[PDB]
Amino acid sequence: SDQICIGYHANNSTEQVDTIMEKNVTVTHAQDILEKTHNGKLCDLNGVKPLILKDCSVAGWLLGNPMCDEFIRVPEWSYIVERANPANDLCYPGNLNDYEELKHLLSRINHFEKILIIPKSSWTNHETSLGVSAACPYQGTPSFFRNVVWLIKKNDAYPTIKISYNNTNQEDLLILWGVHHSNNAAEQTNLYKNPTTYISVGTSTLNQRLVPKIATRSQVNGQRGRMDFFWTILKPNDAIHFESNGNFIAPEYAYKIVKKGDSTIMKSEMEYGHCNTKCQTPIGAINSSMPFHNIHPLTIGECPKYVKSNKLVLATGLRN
């Protein structure tokens, strides 16, 4: 006797899926909406390459620690990659003021150009070749940060410096300078003659005065002295006014800077991978349309939403 039956598809899929009332339900077809993979590499972000600092910190790179002696132009970048512990940082120990906000400012940069603003030869009444230290070697011989100048007394004098630099460029300028904290009265006269010293710095917004702290400290990189560095953004028609009678670490170079956009500092040990992406993680780039991912929380770019899951599997087919 003739029969017609109504039924549904089946196959040898083992794909399993959970439901709010049932677990481990085998189905015919399924789709995972969790992105689990990455390409293992550091990539450009929307067409622009990161600034990969390698064994230098942002500070060492900026100030020109002579172990970072590699000053190549990258004139723009989309993020900065630093190692967890760069080996080259402040070779001569001390500080960089507002360092984190500076790194944040520099995280993404549309135009960056190193320019000479105050040539070494312009210091006629001070020594410009004796401010070097075993703490900052270059080719094993004592040296110093290459973008600033540690002025020393000449003959037996340090006349009071009064200079100004006008930003005649069309771009903001990032300028840096510093103060040297000497160790005692003898060292102070030995280097600068004048025992009681100061540095004054003025722009249209800046109004700074630095005074050395002549005191006993522990040794770092062989030195008990310290150098405290400071910075400012000198706007296109403004000028910066320096005055000092000692302990002044002067600008030499400075940087034309155009901003446009923000990012952050990525900590990764990886090297450039000659790739492009919309979503970078410190262990590799993500290339996905999926709405969720479980790769890494410290992402830069436009990424899926980070979650704690192994598996987000939607049923598409039937019970099997």
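Start at 1 and count along the sequence shown; that's the residue number.
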query: Mean temperature factor over C-alpha atoms, higher-scoring stretch between 177-185 and 97-105; finding: 177-185
query: Of 298-306 and 20-28, the stretch whose C-alpha atoms average the higher B-factor in the entry; finding: 20-28
query: Per the PDB entry, maximal CA B factor within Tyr165, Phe248, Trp231, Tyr138; finding: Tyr138
query: Candidate residues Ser289, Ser57, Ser268, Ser263, the one whose C-alpha B factor the record puts highest; finding: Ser289
query: Entry-reported Cα temperature factor of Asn110, expressed as the chain third it lands in; finding: middle
query: Record-listed C-alpha B factor of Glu252: chain third; finding: lowest
query: Ranked C-alpha temperature factor of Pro195 among modelled chain residues, by third; finding: highest
query: Assigned third (lowest, middle, highest) for the C-alpha B factor of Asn147; finding: lowest
query: Chain third (lowest, middle, highest) by recorded CA B-factor, residue given as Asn85; finding: middle
